[PDB]
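A.B. asks: opening piece of the complex, as it sits:
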Amino acid sequence: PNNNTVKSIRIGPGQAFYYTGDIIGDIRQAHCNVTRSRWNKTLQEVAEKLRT
Amino acid sequence: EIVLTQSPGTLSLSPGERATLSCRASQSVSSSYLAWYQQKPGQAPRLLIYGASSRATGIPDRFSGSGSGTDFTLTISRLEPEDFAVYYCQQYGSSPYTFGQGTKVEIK
Amino acid sequence: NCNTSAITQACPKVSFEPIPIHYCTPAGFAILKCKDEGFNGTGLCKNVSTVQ
């Protein structure tokens, strides 16, 4: 969710380093979403096969 | 610890004349660090030279100087009516940094 | 060069004088050469030969 601002500096001839200078807006933790109903169905089906 | 001295304590020249100031350290100045300042009554001081010989931004060629060891000199190619002021030398070379007694150049 | 690249010294023992280089073609291929007395590098060449 973070809006990173990327800045760069020359660190020697022919070379440059890229870094985040700042974040615009509130800083928020990255996250992933897995649909709960599909996942529970999936785990059940896996468990049924493991059980054998 | 280190004390700078300056001479002549007072100078009097007409406008347009060439003038120089001397500054002598009690101990040698490392890496030609000694610098020069200018002041007028009622005003905060300005920096004419940073390092022994390099002018600060906005300082015209009219101001110059050089030196080594304990002995440094400031030179003004010609005095403008605006250039009459109190001058100081400072040493950045060793703690504590110190300012000489200064000199005055006057027509009034 | 400081804002573009590292700079390499030419070795003092190595000559810059040009040496003729022949270009050779692998077997199964051949080089055709135009021998016309005057030729502007394009169009049909009446007098040709094959060289390796």
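C.D. replies: Looks like it arrived, so ask away. Numbering: from 1, shown residues only, chains lettered A, B, ... in the order given.
A.B. asks: can you get me a residue count around the residue lying closest to residue A:14 once chain neighbours are set aside?
C.D. replies: Spatial nearest neighbour of residue A:14, excluding adjacent residues (C-beta to C-beta, 6 or more residues apart in numbering or on different chains): residue C:5 at 4.3 Å. In short, each C-beta sits where N, CA and C put it, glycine included. The tally of other residues near residue C:5 (other C-beta atoms under 10 Å in any protein chain shown) stands at 11.
A.B. asks: now residue C:5: how far from residue B:35?
C.D. replies: 37 Å (C-beta to C-beta, to the nearest Å).
A.B. asks: up against chain C, what does chain A have?
C.D. replies: Proximity of chain A to chain C (C-beta under 8 Å from any C-beta of the partner chain) is limited to residues A:10, A:12-14.
A.B. asks: also put chain D in, sequence below:
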Amino acid sequence: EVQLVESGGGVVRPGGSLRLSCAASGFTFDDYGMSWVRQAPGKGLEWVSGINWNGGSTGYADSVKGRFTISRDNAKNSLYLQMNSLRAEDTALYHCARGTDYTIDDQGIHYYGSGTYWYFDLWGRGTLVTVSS
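C.D. replies: One more chain to add, chain D, which I have set with the ones above:
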């Protein structure tokens, strides 16, 4: 736009203490070291103390050493001086001054944005400090 503004001056009885402060604007405060320089009327300039860009290095003139402490708050873009055990000799106009934006190593290597307190290209108007019975 670029300026230094002194405050906190006043009249204090000897053996007392006074805190001075210097506001600054028009430049990045974090890139410069700073000093306090004082001038009594009729007298030349005297260096009092100085501080580097992060407060990691300080120094004091022998005339004030052990009685003065210098500190800064970069977030507030402000420089502070704590003066203790004030004496009649300390009466002067005190100036806030901007130091250099770079410093030099023993190796001759220059560091930019790592300012120190060697020399002063910018001066404030200053504020009066007087010590009297």
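A.B. asks: what helix or strand does the spatially closest residue to residue A:22 that is not a sequence neighbour sit in?
C.D. replies: With C-beta to C-beta, 6+ apart as the criterion, residue A:22 has its nearest non-adjacent residue at 4.8 Å, and that residue is residue A:5. Take DSSP states H and E as the rule and residue A:5 turns out to sit in strand A:3-12.
A.B. asks: quick check: residue B:82 is in a helix.
C.D. replies: Yes - assigned with DSSP: H, G, I helix; E, B strand; the rest coil, residue B:82 falls within a helix.
A.B. asks: stretch D:102-113 and chain C in contact?
C.D. replies: No - using C-beta under 8 Å from any C-beta, stretch D:102-113 stays clear of chain C, with a minimum separation of 14.9 Å.
A.B. asks: include chain E too:
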Amino acid sequence: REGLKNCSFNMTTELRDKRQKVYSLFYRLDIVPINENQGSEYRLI
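C.D. replies: Okay, chain E now, added to the rest:
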């Protein structure tokens, strides 16, 4: 959350005689503290 830190360091420049202060954000996971026990000094992992 303390997932990020604002760090300063002396980065090299185009000229070998000069260095430049750089401020940048780093993730805490990429950083290991130096045990001066001041909590202010760090190095990359």
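A.B. asks: near chain E at all, the strand holding residue A:5?
C.D. replies: Yes - applying C-beta under 8 Å from any C-beta, one finds strand A:3-12 touching chain E at A:7, A:9-12.
A.B. asks: middle-most residue in chain E, spatially?
C.D. replies: With distances taken as C-alpha atoms, centre = their mean, the residue of chain E nearest its centroid is residue E:7 (4.4 Å).
A.B. asks: give the contact list for that residue.
C.D. replies: E:23-26, E:31, E:42 (C-beta atoms under 8 Å, 6 or more residues apart in numbering or on different chains).
A.B. asks: buried ones among these?
C.D. replies: Buried members of the contacts of residue E:7, counted by 16 or more other C-beta atoms under 10 Å in any protein chain shown: E:24-25, E:42.
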